[PDB]
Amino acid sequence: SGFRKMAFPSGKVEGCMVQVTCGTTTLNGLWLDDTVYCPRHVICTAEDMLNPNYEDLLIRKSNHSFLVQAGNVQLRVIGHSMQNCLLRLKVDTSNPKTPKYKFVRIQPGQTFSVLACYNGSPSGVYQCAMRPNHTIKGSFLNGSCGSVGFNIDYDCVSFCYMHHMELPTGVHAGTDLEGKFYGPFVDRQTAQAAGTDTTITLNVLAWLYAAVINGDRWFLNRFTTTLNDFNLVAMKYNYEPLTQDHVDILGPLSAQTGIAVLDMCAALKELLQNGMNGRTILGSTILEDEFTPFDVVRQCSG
C-alpha cells in the first residue's frame, strides 16, 4: 500500500558515471562499453559560452585535450566525435559494468529517473516527469551537467536524458542520448524562456485511479461526460487537452477499478471546479501529475 513517488534503482547507471575535463571545464559523462558521452559544452571556456561555434572550437582539440576519469583512475581518449549537442569520446578501456541498454527519445508527459552527479560521482536519485513545455522541474542539478535520465525495463536500461542547462526561470533543459535537445533550447548562455506549460491530464487521471485502487473514493460522483465537454472545462484550468488516445491508454486501469474513463473525467471536472475542500487524495492536497498510467499499473500491482 502507500503511494510513494519512486525512482528506478540507480546501480546499473552508477557503474557508468565518470568525470570529463577539458581545460578548466569539468562535468559528468556516460561510459558505456568503450565510449563516453557528455555535453559538448565541456569544451567551452566561460567566455565562449556567450556565442560559441562548436564546429570551430572542436577543431582545436585533440584526443589528449580531454581528461576522463573513472574514480581516481584515468581513461585514455583515443578518438573524439561530435553528434549534435553531445560528444562521443572513444577510450582504450572498456567498462565491464556496462549494462544492457538502449537510447530513447521520450515524449512530453512521460516519467524517468535522474541520477544527480558531481564530478562523475553519484549524489542522489529522483523520479520526475518530462514537462509538457519540454523542461524538467529538477531544482536539483546545480553543477551536474552530464547527469542522465533513464528507465529500467527488467534488466535493460533505456537512457532518455542528459542534463545540459539551468534555464533562468528555474527548471532545466536537456538532450536525448543522441544529442538532440528537448524543447526549443540551445547550448548557449543566452536568455531563453521555457514555453507555456500545462498540467499533464493523462497522469492526473492515472493518479485518481491509484487512489481508487488504494481504497479512496470520496471524489467520485453520479455524473459522466463526453470527451469534448470535459476538455471545454479542463482547458480553462490549464490542463493538457485530452484525446481518444489518452482515454484508450487508461484502458486497463479503468477495467481494474470498474470505473469508466469518461466517468473518472467527470470526477476530475468536479475537482477542478470545486477544489478539494481541505480534503486530501493519496495524501496530497493538490492534484498529482508526475505518475504515468504505466507507473500506477507498475506500483499498485507489481
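By rigid core we mean the largest C-alpha set that fits within 1.5 Å across both forms. A residue's number is simply how far along the shown sequence it sits, counting from 1.
Of 163 to 171 and 220 to 228, the stretch whose C-alpha atoms sit farther from the shown form in 8 other deposited structures of this protein, after fitting on the rigid core, is 163 to 171.
Root-mean-square C-alpha deviation from the shown form, taken over all structures in 8 other deposited structures of this protein superposed by the rigid core, is larger for 135 to 143 than for the alternative among 135 to 143 and 82 to 90. Once the C-alpha B-factors are averaged per stretch, 49 to 57 and 260 to 268 rank with 49 to 57 first. 176 to 184 and 193 to 201 differ in mean CA B-factor, and the higher of the two is recorded for 193 to 201.
Based on the entry's C-alpha B-factors, the most elevated value among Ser10, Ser284, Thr24, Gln19 belongs to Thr24. Take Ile106, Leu208, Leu220, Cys145 and read off each C-alpha B-factor from the entry; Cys145 has the highest. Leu141: CA B factor in the highest third of modelled residues in this chain (values from the PDB entry). When the modelled residues of the chain are ordered by C-alpha B-factor, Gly15 sits in the lowest third. Among the modelled residues of its chain, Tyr126 has a C-alpha B-factor that falls in the lowest third, as given in the PDB entry. Split the chain's modelled residues into thirds by C-alpha temperature factor. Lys236 is in the highest one. Annotation for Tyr161: C-alpha temperature factor in the lowest third relative to the rest of the modelled chain, per the entry.
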